[PDB]
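Just the one chain here, laid out as structure tokens, in the form deposited without N,N,N-trimethyl-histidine (AVJ).
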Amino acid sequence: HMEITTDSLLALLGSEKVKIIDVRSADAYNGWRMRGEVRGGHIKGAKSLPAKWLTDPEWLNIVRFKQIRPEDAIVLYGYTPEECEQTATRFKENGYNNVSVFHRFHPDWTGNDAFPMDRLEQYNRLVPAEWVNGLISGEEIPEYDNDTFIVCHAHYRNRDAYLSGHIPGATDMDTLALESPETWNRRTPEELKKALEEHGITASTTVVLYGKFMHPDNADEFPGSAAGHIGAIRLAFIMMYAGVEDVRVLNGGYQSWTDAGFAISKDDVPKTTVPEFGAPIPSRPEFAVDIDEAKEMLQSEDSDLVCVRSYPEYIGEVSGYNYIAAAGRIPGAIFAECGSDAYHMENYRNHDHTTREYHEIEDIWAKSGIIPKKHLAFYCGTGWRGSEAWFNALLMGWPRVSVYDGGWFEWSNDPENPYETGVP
């Protein structure tokens, strides 16, 4: 495989016909210093194509989806040039003949402040499996300065999602602990205080949230019981709103844990009780938007509601849920198609459920006027998908992002509220 030098790569940075491809893990790409490098993240402009994906049959369709064409001049890099060999060969097998490997990313590029790098601004909220393993093992890990933690396996009324296999030592939290199946909003501060204490969570406890994807099926009575990792990010939103200072989400959920080869447990871990949450609830109320404020945001040039639903929901063909009656949409919201239905986030995730390359998210969002200068309230049917979209914006450091908790459920439960239907 041909090589490209450091000086050559610097000179070409910003050329629209050169495709730089980072084959490290998505978490390293995001900013995690997985090998102790002084500077984490990716070379400016690089795309993410983790070499782990070579074992997946989707690899070639992913490359094409990311608009990497055989006529492109491709530059690969990893922590070492040896880490790039298989990817380069796979490219050549598929008609990509202009492929170079950059050998000096680490430590030459990472170690030199003058060479531009990018990263997810708040990457340390989105943790890799290796970090969780180190935390549970009591090993030294970066981006951690606490002495109190809990790993929480989220699910919606489905303890078997946890009992069928979970991260060792983790306890389960039903999403019903923190949100009401009546309002489908976050519970009241007094309810939240008691629920968090009964799961052993204080405001100064580092909470690591994850869920298990079990293929939600719209035919089923409770498809959300299979969308465990959406549920985990939904609980992350509620905990951050409530006042847990250090909340992490395991990138890709349970899948990332087993893909790393770490041990699986089926023990029903007893919950510990803490006497006091230790902070006022909510400590970050600005993360949550309710319907009066959502109506105000529809009237402002400074702000927008962002509808994170599927297309059949958006045009009022279906409600999307077997527990929401009305089908339609909120007038004036910006459509941000989630994926296929109410329980999937394909447009925001990779095939392995890790978050989609954040540059692609910000690019698609920008085309619809979803941009960080606005106060944005993401929403969906009841707030699950909206919480995951919100979390992605939070990770990018966007300063004014919220979840309109009530969503379409609350909006349409009031017959006075106007709505739209059909293709716009």
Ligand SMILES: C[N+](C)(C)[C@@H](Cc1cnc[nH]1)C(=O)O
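Sequential numbering from 1, following the sequence displayed.
Beyond the structure shown, there is the form solved in complex with N,N,N-trimethyl-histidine (AVJ), which is absent from this document and is the topic of what follows.
Segments offered: 338-346, 260-268, 163-171, 194-202. Contacting N,N,N-trimethyl-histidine (AVJ) in the entry with it bound at heavy atom distances within 4.5 Å is 338-346.
Interface residue among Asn392, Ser48, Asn30, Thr382 relative to N,N,N-trimethyl-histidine (AVJ) in the entry with it bound, by the heavy atom within 4.5 Å criterion: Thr382.
Comment: N,N,N-trimethyl-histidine (AVJ) is not present in this chain, but in the entry with it bound one of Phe149, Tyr144, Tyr323, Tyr311 has a heavy atom within 4.5 Å of it, namely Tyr323. When N,N,N-trimethyl-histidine (AVJ) is considered in the entry with it bound, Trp184 lines it closely, a heavy atom lying within 4.5 Å. With a 4.5 Å cutoff on heavy atoms, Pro282 does not count as touching N,N,N-trimethyl-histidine (AVJ) in the entry with it bound; it lies far away.
Proximity of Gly328 to N,N,N-trimethyl-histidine (AVJ) in the entry with it bound: non-hydrogen atoms within 4.5 Å are absent; the residue sits far from the partner. Proximity of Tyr156 to N,N,N-trimethyl-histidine (AVJ) in the entry with it bound falls within the 4.5 Å heavy atom cutoff.
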